[PDB]
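Have a look at the structure below before the remarks.
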Amino acid sequence: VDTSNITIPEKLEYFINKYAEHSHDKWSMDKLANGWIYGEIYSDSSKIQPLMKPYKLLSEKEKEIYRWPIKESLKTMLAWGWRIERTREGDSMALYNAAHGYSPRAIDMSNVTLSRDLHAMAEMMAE
Amino acid sequence: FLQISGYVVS
């Protein structure tokens, strides 16, 4: 599906900011089962990385690793003119489910239902 | 993360 250009609205800036805040929880859940944990500095003995900081305190030397492969999906939707509308509610998954008291809040995986627009959007972005 | 986060598309 060829795509030419886009004039996006100013509202579409906080999706990518809120992505990493929720993706770092799954990264912590992935790497906590292994022998990886917060520490002082990167070293093979202590099993420390530079990514292992809070989701807000991500260094400038790596930020695009989280934020790259999301926005190139929205071109195929919004260029043809698909919709990304929103209700007035907003924060919903806060209720419905280590420095700084960190720990993951696992969203459920064994519950999902699909329809025309939903399967369409999922297949469009994964495509 | 997109769908049931206070989001509707129609």
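Going through the structure tokens in order, the chains are called A, B, and so on, while each chain numbers its residues from 1 and the ligands are numbered from 1 in the order shown.
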Mind dumping a table of every chain B residue within 6 Å of chain A, with the nearest atom pair and its distance in Å to one decimal, using only C-alpha atoms, sorted by chain and rising number, as JSON lines?
```
{"residue": "B:5", "atom": "CA", "partner": "A:92", "partner_atom": "CA", "distance": 5.0}
{"residue": "B:6", "atom": "CA", "partner": "A:90", "partner_atom": "CA", "distance": 4.2}
{"residue": "B:7", "atom": "CA", "partner": "A:86", "partner_atom": "CA", "distance": 4.4}
{"residue": "B:8", "atom": "CA", "partner": "A:86", "partner_atom": "CA", "distance": 5.2}
{"residue": "B:9", "atom": "CA", "partner": "A:85", "partner_atom": "CA", "distance": 5.3}
```
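With only C-alpha atoms as the atoms that count, the minimum distance from residue 80 (chain A) to the choices A:65, A:95, A:108, A:2 is reached by A:2.
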Among A:27, A:99, A:17, A:125, residue 69 (chain A) is approached most closely, using only C-alpha atoms, by A:125
A straight line from CA of residue 124 (chain A) to CA of residue 72 (chain A) spans 11.0 Å
One residue among A:63, A:16, A:120, A:102 is nearest to residue 1 (chain B) when using only C-alpha atoms, and that residue is A:16
Between A:113, A:97, A:103, A:28, smallest distance to residue 3 (chain B) by only C-alpha atoms belongs to A:113
Residues within 12 Å of residue 123 (chain A), only C-alpha atoms, excluding chain neighbours under 6 positions, as an NGL selection string:
:A and (73 or 76-77 or 114-117)
Can you write out as CSV which residues of region 22-124 of chain A fall within 10 Å of region 8-13 of chain A, alongside each residue's closest atom pair and its distance in Å to one decimal, counting only C-alpha atoms and ordering rows by chain and ascending residue number?
```
residue,atom,partner,partner_atom,distance
A:71,CA,A:12,CA,9.8
A:74,CA,A:8,CA,9.6
A:75,CA,A:8,CA,9.2
A:78,CA,A:8,CA,7.7
A:79,CA,A:8,CA,8.9
A:84,CA,A:12,CA,9.3
```
What separates CA of residue 126 (chain A) and CA of residue 1 (chain A) is a distance of 13.0 Å
Quick one: pull the distance between CA of residue 105 (chain A) and CA of residue 26 (chain A), Å, one decimal.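 These atoms are spaced 8.3 Å apart.
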